[PDB]
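What follows is the residue order along each chain.
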Amino acid sequence: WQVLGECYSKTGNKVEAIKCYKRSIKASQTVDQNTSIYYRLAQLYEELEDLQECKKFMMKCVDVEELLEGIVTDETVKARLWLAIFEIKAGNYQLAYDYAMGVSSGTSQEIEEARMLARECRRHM
Amino acid sequence: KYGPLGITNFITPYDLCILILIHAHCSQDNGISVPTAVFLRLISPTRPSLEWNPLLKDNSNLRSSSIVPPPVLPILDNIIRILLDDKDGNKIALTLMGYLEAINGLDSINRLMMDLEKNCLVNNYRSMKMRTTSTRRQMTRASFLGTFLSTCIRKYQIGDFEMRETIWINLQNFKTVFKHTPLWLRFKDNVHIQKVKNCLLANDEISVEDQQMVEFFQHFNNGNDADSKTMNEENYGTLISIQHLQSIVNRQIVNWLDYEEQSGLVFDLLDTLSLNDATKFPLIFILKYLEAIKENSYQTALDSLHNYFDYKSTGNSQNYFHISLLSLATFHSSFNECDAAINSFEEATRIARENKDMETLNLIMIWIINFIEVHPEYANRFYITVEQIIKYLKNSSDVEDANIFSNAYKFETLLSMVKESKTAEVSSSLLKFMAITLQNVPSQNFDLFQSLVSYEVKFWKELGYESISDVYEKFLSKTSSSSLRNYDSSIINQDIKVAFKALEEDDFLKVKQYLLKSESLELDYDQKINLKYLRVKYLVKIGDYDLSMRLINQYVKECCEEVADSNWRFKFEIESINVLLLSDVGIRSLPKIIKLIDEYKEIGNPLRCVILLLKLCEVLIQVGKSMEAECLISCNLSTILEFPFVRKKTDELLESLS
Amino acid sequence: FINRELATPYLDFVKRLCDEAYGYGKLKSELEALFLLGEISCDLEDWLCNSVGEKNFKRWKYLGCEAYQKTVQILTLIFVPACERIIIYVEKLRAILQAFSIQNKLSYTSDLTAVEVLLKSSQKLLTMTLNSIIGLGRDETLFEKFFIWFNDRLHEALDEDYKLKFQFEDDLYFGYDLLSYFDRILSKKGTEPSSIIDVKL
Amino acid sequence: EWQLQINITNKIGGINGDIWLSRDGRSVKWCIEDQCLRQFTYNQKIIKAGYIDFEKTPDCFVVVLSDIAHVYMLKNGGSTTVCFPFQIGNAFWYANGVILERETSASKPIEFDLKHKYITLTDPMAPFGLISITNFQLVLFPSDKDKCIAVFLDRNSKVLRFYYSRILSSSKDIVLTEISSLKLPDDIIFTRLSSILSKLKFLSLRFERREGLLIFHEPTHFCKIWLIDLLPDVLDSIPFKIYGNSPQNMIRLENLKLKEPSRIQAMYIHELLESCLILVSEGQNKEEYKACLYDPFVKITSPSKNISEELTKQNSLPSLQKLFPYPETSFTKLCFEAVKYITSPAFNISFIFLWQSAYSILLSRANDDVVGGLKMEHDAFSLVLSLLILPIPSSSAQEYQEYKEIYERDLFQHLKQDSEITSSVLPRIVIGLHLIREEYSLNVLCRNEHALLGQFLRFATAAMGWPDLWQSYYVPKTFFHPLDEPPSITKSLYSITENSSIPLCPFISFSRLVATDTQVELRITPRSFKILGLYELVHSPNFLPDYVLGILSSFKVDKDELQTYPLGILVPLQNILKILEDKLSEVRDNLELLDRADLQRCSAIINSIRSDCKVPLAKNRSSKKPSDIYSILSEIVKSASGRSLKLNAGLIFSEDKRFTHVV
Amino acid sequence: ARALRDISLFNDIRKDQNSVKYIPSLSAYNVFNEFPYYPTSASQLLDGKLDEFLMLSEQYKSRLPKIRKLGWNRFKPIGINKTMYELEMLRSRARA
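Residues numbered from 1 in each chain as written, not as in the entry; some residues may be left out. Chains lettered and ligands numbered in written order. Part of a larger assembly, values for the part shown. Heavy atoms only, no water. Residues with missing side-chain atoms left out of burial classes, pairs and counts.

- In the PDB header, cryo-EM is given as the technique by which the entry was determined, and 5.4 Å as its resolution.

Printed below as a string of structure tokens:
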């Protein structure tokens, strides 16, 4: 099911790809396997010009990291960086500060992106 | 004559039959020279390689300038029927029949083959003139028969004893099939068979002891049925080479697409493939596909197409992946899917770029407008506008194009007509396409030649000279239709002309029933407009104009935004004009008629100018100012009789004035 | 013009090179033997070397190609535009007479049967013209396949070391068209000057 | 041989299409009439064929195999396929989905499951749902969205269970609550589940808020109808659903009021006639079969005596459906609709019956005189009402002989014996038709039949003796009439006008004598309502020509609607728009009612900005020597192998030579 | 395939105006030696499709002398320490 969405995603059938991945999510036996699905599924909403809708799936992917005693996986690293970026536009600097510090154990480019954002939110905190 | 079919890379029993014939001809002992037409019907199908792309190319080279007889199936019954026709063909027919009787063993087969290589076939002509001591005709390798016999010789030395036994087991099977046939009864005794058989059976070196037991070897293997037969593996009833199968299939599909053939025999035999020759012969899949479209089966069409394009791509080293989508794109456009065909086409563009080959881009571009020609409503959706292609292909090159420029200008002509450009440019643009198409072979490029006729007939009909159109329409092919546009479109198109005639003869019941089919049929855009135009005309005759008036305006309004078809806009506008003036109120149409008059005066299409004149005359006579209408019609009467179909209206108005 | 400049000069070259040199009936059968069997008689090998040779062969090809490729041009580019123009003028000619038969309302009338005959005859010409263009399209196909094969035979007769570049394997029905050319070019009807097109009609 | 299917698809009224099955469940052909459209073959047994919708507004054709469903997009898109948790016996269509019943037994042991055997799916991609039942094979389900009654039969019990199923969307998707039960006759004995189901036949009927279920069994000649009245208060009552309690009054079981109800061959629903009317086939001999019509809700039945022997077959249903006539043209449709809105359903349905009979008689009488057209139904419409109002002549009269075939019909006898309806309803019909003629007088495109109404209306007045004012209303120069004065659009319009000599006068439309909301009246006479609305607003003392645009927008009047008016109303309003063609330059919404492209294009540009949609670029219609043949050909082969900016520059700067000097 | 230049007219005007990697298929792969067949010439590729008959024709032609060319090289009889490959090379020098 995951493969079908990628084909649909690569062919500009985004309206169909949403339902395809949603079918994939039920078939997965373990929640941890859904971490990759959540991030890309959220991206498909972003290109459907509705940022509010993608927040709900964005909450779930990061929350999986907490539910897995801090798995600290790569596809949550891009999740936390994007979530903190949007929260700055929302004006909630305090709610964006904890996101940057929690992702401070990623890649070289990931940590610097959050560290600079951590300084940005701590300025207005 | 039916039986299991299997592809064989060895000497098929059919092959020996030619070798039988060539032996008699070259031996010149019997004075029997087989007619040249016989050979050219037999050897030529065995000549290798034709190739035939599934779609995207129709009979670009397959069509023979001279009509050829159908290829012959590998059964003695069919072969004999060719020679049998002649009054003296019995003598030639019996010559083949006798040789097949003389050949009773595998050794005897070898005697024929050793004879030809040692004596008949010769390397080159320079040794012809030194070999004047030969009592038999000698063959050159490069000749028509020479190249064939060389291949046959090669296919005999190519295998072990395992293949030679299969030849004789199959030939005896093949020979015996003809035995239980009515024709064999007609030739049960012919005395000449014994004479010819004894000619070659001589010098047997034994007649008393070995011949007693030679028969025993032959009979024991044969199915004497006195006891249980010796058990042997199942043997095929007919053996054909790949190239021979290519000819019979290509002829069948071409005959199907648009001297008698045997459709049942060919189809039955093609259904017994071991599924491995199908891999060696991928074209068997598409033969079902063409059959599939005939009955309009969706899934059965699809799998066959996918079947064909999987075996073909692997077999051929060049990348044909960029070609698979287009055929699938054509297939979707064949079932009016349209939108799904659009998605199919886009990824074909990306694939073409990765191959980085220029020649395929011409093929992909030419398919674009061909698709948009059928469905002009989709022009905006493509990533390239139609005008960009025409500018590109006009200055594509000066060589290695041949047909591209012929394709290029016809698209401009169609666009120029739809854009209602001045007649001087349209005539010039059609002139270019006419000159280039006829300059090369028009018979071979059957598709474009038909398209020329359709445009020219349409073009001159719009000008109002049916006399010119009458000449060209006799060249328009019916039921031929074209690729990528359904399969029953011809039936629909023929039916529409029936409805229009039915409307003229006031057969309201028939046309009414047809409109019911209209709302639930899948129709091409050009067809859609005609029915859309048909309905409004029908409603006018009934008398209800409140519905039609609301209906005509919606049509013309959508005839200017969705598709910029000016010609169909004109035809709809005048219908509304007719509706108004028929209801005793045509004065509302005076602003509409005038704005078209001066507009078309600049264009210069006389048919447009005259038709509006009659409408202008008709409105002036329902006012009570017929005095000046008579004055105007008098001055212009000379130039309005030139157009035939308006004469009936023109004549009828005359008695009204009296 | 085409009869005097394109058709006749080509045919006379054929007649002089074939009938005056070897003869028609003997040539046709012997060529088929050459095509099917490769048997070249002593007399024919003289005909290729001395009668035809290299010098006339290029002339033969040059005459033949113009005999067809120029012929279609004059039919498509002159005949097609003129016939349609005649139709238009004839149609306008008919309309004018019909109107003054009514506008003048003069008691004496001139019959229009003369006009309609021209319209039908003119229509017949254009239909007849197009058929020839289609036919000459085929003739070009047959013409080319003949000489591409004829080139191999001629040079082979004059070289004894010629390497055959063209292969008959390229086409399946390469036998039929090649034979089809011979009867068109070598027959009693072909001997007539109207072999290329039906000039008389 | 091919077999046709009776009910395949829910299309709230029907769909034009056919489904053909082979001699075995292995091929499906969606032929329309004679053209084989998309055809599907399968190795497995085919259960049913769809074309139903899947709640996402699709138009998809679905075929169900034993365990696999194929769903082919027909309107737009490709194909999809779905699996199922277990084997499927049968599948039944319902509004936005399918109901699937499990395969019971196969072998000869007979074992079956009862806990859960029904699956609900909306669209192929979403997961299935489970039914819900509250206090057993599904023989029939309400496939149509409009009807909401499901019937269940359990084999051993041989009793029926009637439910009120309602569909639940965004797992429980459907809920059923029992209302009543029916006991099968003892003679009815059923024995291959479809074959068991084949003998019994069930039909779904509904009119207004009453719906009926027809139960038929040919071998035992058993025919009964179950009726329910869908009261909005009763249905919405919470105790009604959960407890299943139902009052005795709305439940009722009745038989058919036919001459020989025990000799009914088969019956079908009139597809063309959306109402409760049902086809009824009867046979008196092995070579003749008589067809008649009957209404379940109202006991009125139609004596048709239509003979058709070979048409009784199932695969010949469309021909049978097309046998009975209905007005197909677009004129008498309004007349019938007006009759429906002004007459009782009892009188209504009998009227179509008489009209159809008269229409048939005229066909037999009229031997294709010239054409046959709108005059046909109008004559049929005319003569039916004339016979209703004209007293029956003596049997010796010549007029009696020519129309005898209508006289002896029971409905005509009943429709004339009924003193009350002839006394009061007929004038109401006359008044309504008069209003239709008045409405047509506002649309100049249909003056012909407008006059056609006139002769009959004149005839109607002569038959019923109305005051000479009404009769003189048509000439250039015993029922009781409710209105003493004819209602006229024009007279009322001239009343509501400045400098009006006539006093104030209302139009007294039929919206009050119909006893129904103006929404019903709107769809019948939209032109009359609109014009009355416009000049009620325009002729206000405080009216200014700016509001007319919003007025025109609000009354849904377009350019085409504007151009069809019998002078009069058109003239000033066109001048009013002409005035707005001058002083309007500020983009004030609803520009499409004008004819200026710039303002509407600018408005379209602005609206796209506000939302953040068609930037239709204007093609430059550029336009001289024609030259010669050769020159053109040379040109194309030759072509085969900033300027605007500078041109602007010469216009951007002008009136001096400075720019050249500085360069 | 007239290329617009085989047309006599346009060819005349132009003069006046002037003033493949191979990949194996399944059938190419055989069962004995894992090396796929490599076609010797483009003639053996039929419009890019490997003709199976020509493939096996070359294969037979390669193996036929292989039986004859057996005794060359490695094989040595006993009592002759010198294989026959150089029996003919000395024989060639004997006359020459």
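So much for the structure itself; the text now carries on.
**Focus on the overall build of chain E**
Alright, step 1. A tally of regular secondary structure across chain E gives three helices and two strands.
Alright, step 2. For chain E, the sequential pattern of α-helices and β-strands runs α-β-β-α-α.
Alright, step 3. In terms of overall dimensions, chain E is more spread out than a globule: its C-alpha atoms have a radius of gyration of 26 Å, far above the 12 Å expected for 96 residues.
Alright, step 4. By its C-alpha atoms, chain E is 85 × 45 × 20 Å across when sized along the principal axes. (Helix = DSSP H or I, 4+ residues; strand = E, 2+ residues; numbered from the N terminus. Rg over C-alpha atoms; globule rule 2.2 N^0.38 Å.)

**As for the overall build of chain C**
Alright, step 1. Along the backbone of chain C there are six helices and zero strands.
Alright, step 2. In chain C, the order of α-helices and β-strands from amino to carboxyl end is α-α-α-α-α-α.
Alright, step 3. Computed over C-alpha atoms, the radius of gyration of chain C comes to 24 Å, more than 25% over the 17 Å expected from 2.2 N^0.38 for 201 residues, which places it beyond the range of a compact globule.
Alright, step 4. Dimensions of chain C, computed from the C-alpha atoms along their principal axes, are close to 85 × 35 × 25 Å.
Alright, step 5. Expressed as a percentage of the 201 residues in chain C, the buried residues total 49%.
Alright, step 6. Across chain C, every contact between residues at least 6 apart in sequence was considered, and the portion connecting residues at least 24 apart equals 76%. (Buried < 20%, exposed > 50% of the residue type's maximum accessible area, 1.4 Å probe, protein only. Contact = heavy atoms within 4.5 Å.)

**Things to note about the interface of chain B and chain E**
One frequent convention defines the size of an interface as the accessible area lost when the parts assemble.
Alright, step 1. Listed per partner, the contact involves 25 residues of chain B and 24 residues of chain E.
Alright, step 2. When contributions to the side of chain B that touches chain E are tallied by element, the ones reaching two or more residues are α6 (144-157), α15 (298-315) and α21 (423-439) of chain B.
Alright, step 3. The biggest single contributor to the side of chain B that touches chain E is α6 of chain B, with four residues.
Alright, step 4. Here the residues of the side of chain B that touches chain E sort into seven nonpolar, eleven polar and seven charged. (Nonpolar A, V, L, I, M, F, W, Y, C, P; charged D, E, K, R; others polar.)

**Description of a negative patch on the surface**
All names here are of chain B.
Alright, step 1. On the surface, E425, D598, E599 and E602 cluster together to form a negatively charged patch.
Alright, step 2. Here the element with the most residues in the negative patch is helix α29 (residues 590-603); it accounts for three residues.
Alright, step 3. Within the secondary structure layout, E602 lies in helix α29. (Patch = residues over 30% accessible without salt bridge, like charges linked within 9 Å, V, L, I, M, F, W, Y side chains within 5 Å. Areas by Shrake-Rupley, 256 points an atom, 1.4 Å probe, with all protein chains shown as cover. Salt bridge = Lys/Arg side-chain N within 4 Å of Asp/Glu carboxyl O. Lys, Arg positive; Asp, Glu negative; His and termini not counted. Charge placed at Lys NZ, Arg CZ, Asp CG, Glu CD.)

**Here we look at the interface of chain C and chain B**
Alright, step 1. Residue-level contacts link 51 residues of chain C with 51 residues of chain B.
Alright, step 2. Mapped onto the side of chain C that touches chain B, the elements with two or more residues apiece are α2 (24-37), α3 (42-103), α4 (113-159) and α5 (174-185) of chain C.
Alright, step 3. In terms of residue count, α3 of chain C provides more of the side of chain C that touches chain B than any other element does, 17 residues in total.
Alright, step 4. A class-by-class count of the residues in the side of chain C that touches chain B yields 27 nonpolar, twelve polar and twelve charged.

**A closer look at the packing of helix α4 (residues 89-102) of chain B against helix α7 (residues 161-179) of chain B**
Residues and elements named next belong to chain B.
Alright, step 1. Interhelical geometry of α4 versus α7 gives an angle of 130° and a closest axis separation of 11 Å. Relative to α7, α4 is oriented oblique. Crossing geometry of α4 relative to α7 is assigned as left-handed. Here α4 contributes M97, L100 and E101 to the contact with α7, which in turn contributes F174, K175, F178 and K179.
Alright, step 2. Its residues placed into classes, the contact of α4 with α7 shows four nonpolar, no polar and three charged. (Axes fitted to C-alpha atoms, helices over the stretch in contact; angles between N-to-C directions. Parallel < 35°, antiparallel > 145°, perpendicular 65-115°, else oblique. Left-handed = near helix turned anticlockwise from the far one by under 90°.)

**A short note on the nonpolar core**
Alright, step 1. Counting 108 residues, the largest nonpolar core has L96 of chain B together with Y10, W60, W149 and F150 of chain C as the members making the most contacts within it.
Alright, step 2. At ten residues, the largest contribution of residues to this core is made by helix α1 (residues 13-27) of chain B.
Alright, step 3. What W60 of chain C contacts, discounting residues up to four positions off in sequence, is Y10, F13, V14, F146, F147, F150 and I185 of chain C. (Core = buried A, V, L, I, M, F, W, Y, C linked by side-chain atoms within 4.5 Å.)

**Digging into the packing of aromatic side chains**
A ring pair, where both rings are aromatic, is described by two values, the distance of the centres and the angle of the planes.
Alright, step 1. Under the counting rule described, the total for this entry stands at 76 aromatic pairs over all chains.
Alright, step 2. Measuring from ring centre to ring centre gives 5.4 Å for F144 of chain B and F35 of chain C, while their planes differ by 40°; the resulting arrangement is tilted. Taken as a pair, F144 of chain B in helix α6 and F35 of chain C in helix α2 lie in two separate chains rather than in one.
Alright, step 3. Here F144 of chain B falls in the buried class, since its relative accessible area comes to 3%.
Alright, step 4. Between the aromatic rings of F653 of chain D and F659 of chain D, the centroid separation amounts to 4.3 Å while the plane-to-plane angle is 10°, which identifies the pairing as stacked.
Alright, step 5. Residue classification places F653 of chain D among the partly exposed residues on the basis of a relative accessible area of 27%.
Alright, step 6. Of note, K571 of chain B hangs over the ring of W568 of chain B, and the distance from its end group to the ring centre comes to 5.2 Å. (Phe/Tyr/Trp six-rings, centres within 6.5 Å; stacked < 30°, edge-to-face > 60°. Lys NZ or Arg CZ within 6 Å of the ring centre and 35° of its normal.)

**Description of the packing of helix α5 (residues 74-90) of chain A against helix α6 (residues 93-102) of chain A**
Residue and element names in this part refer to chain A.
Alright, step 1. Running from N to C, α5 and α6 point in directions that differ by 160°, and their axes come no closer than 9 Å. Judged by the angle between their axes, α5 and α6 are roughly antiparallel. Seen along the crossing, α5 lies across α6 with a hand that is left-handed. In this structure, α5 contributes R80, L83, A84, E87 and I88 to the contact, and α6 contributes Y93, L95, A96, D98, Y99 and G102.
Alright, step 2. Looking at side-chain class alone, the contact of α5 with α6 contains seven nonpolar, one polar and three charged residues.

**Some words on unusual backbone geometry**
Alright, step 1. Of note, the phi angle at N59 of chain B is positive, near 35°, even though the residue is not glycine.
Alright, step 2. Mapping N59 of chain B onto the fold places it in the loop between α2 (36-46) and α3 (76-84).
Alright, step 3. Despite not being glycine, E160 of chain C shows a phi value in the positive range, around 60°.
Alright, step 4. Here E160 of chain C lies in the loop between α4 and α5.

**Examining the environment of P9 of chain C**
All names here are of chain C.
Alright, step 1. When you line up the elements, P9 lands in helix α1 (residues 2-18).
Alright, step 2. A sequence separation of 184 residues divides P9 from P193, and the C-alpha atoms of the two residues are 10.0 Å apart.
Alright, step 3. Setting aside chain neighbours within four positions, we find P9 in contact with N3, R4 and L63.

**Things to note about the pattern of salt bridges**
Alright, step 1. Here the structure, examined in full by the defined rule, presents 34 salt bridges over all chains.
Alright, step 2. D115 of chain B is paired through a salt bridge with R136 of chain B; the nearest N and O atoms lie 2.6 Å apart. Taken together, the positions of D115 of chain B in helix α5 (residues 106-120) and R136 of chain B in the loop between β2 (121-122) and β3 (139-140) put the pair 21 residues apart, joining distant regions of the chain.
Alright, step 3. Residue classification places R136 of chain B among the partly exposed positions, given a relative accessible area of 27%.
Alright, step 4. Salt-bridge contacts for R126 of chain B lead to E45 of chain C; the nearest nitrogen and oxygen are separated by 3.1 Å. Pair noted here: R126 of chain B is in the loop between β2 and β3 and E45 of chain C is in helix α3, and the two residues belong to different chains.
Alright, step 5. Since its relative accessible area comes to 33%, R126 of chain B is described here as partly exposed.
Alright, step 6. By relative accessible area, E45 of chain C is classed as buried at 17%.

**What about the pairing of strand β19 (residues 210-217) of chain D?**
Residues and elements named next belong to chain D.
Alright, step 1. Most of β19 sits inside the fold, with seven of its eight residues counted as buried.
Alright, step 2. In terms of strand pairing, strand β18 (residues 200-207) meets β19 through eight bridges, oriented antiparallel. The partner of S204 across the bridge, within β19, is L213.
Alright, step 3. The antiparallel hairpin formed by β18 and β19 contains two residues in its connecting segment, where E208 sits at a positive phi of about 60°.
Alright, step 4. Looking at chain direction, β19 and strand β20 (residues 222-229) are connected through eight bridges and run antiparallel. (Pairing = 2+ DSSP bridges.)

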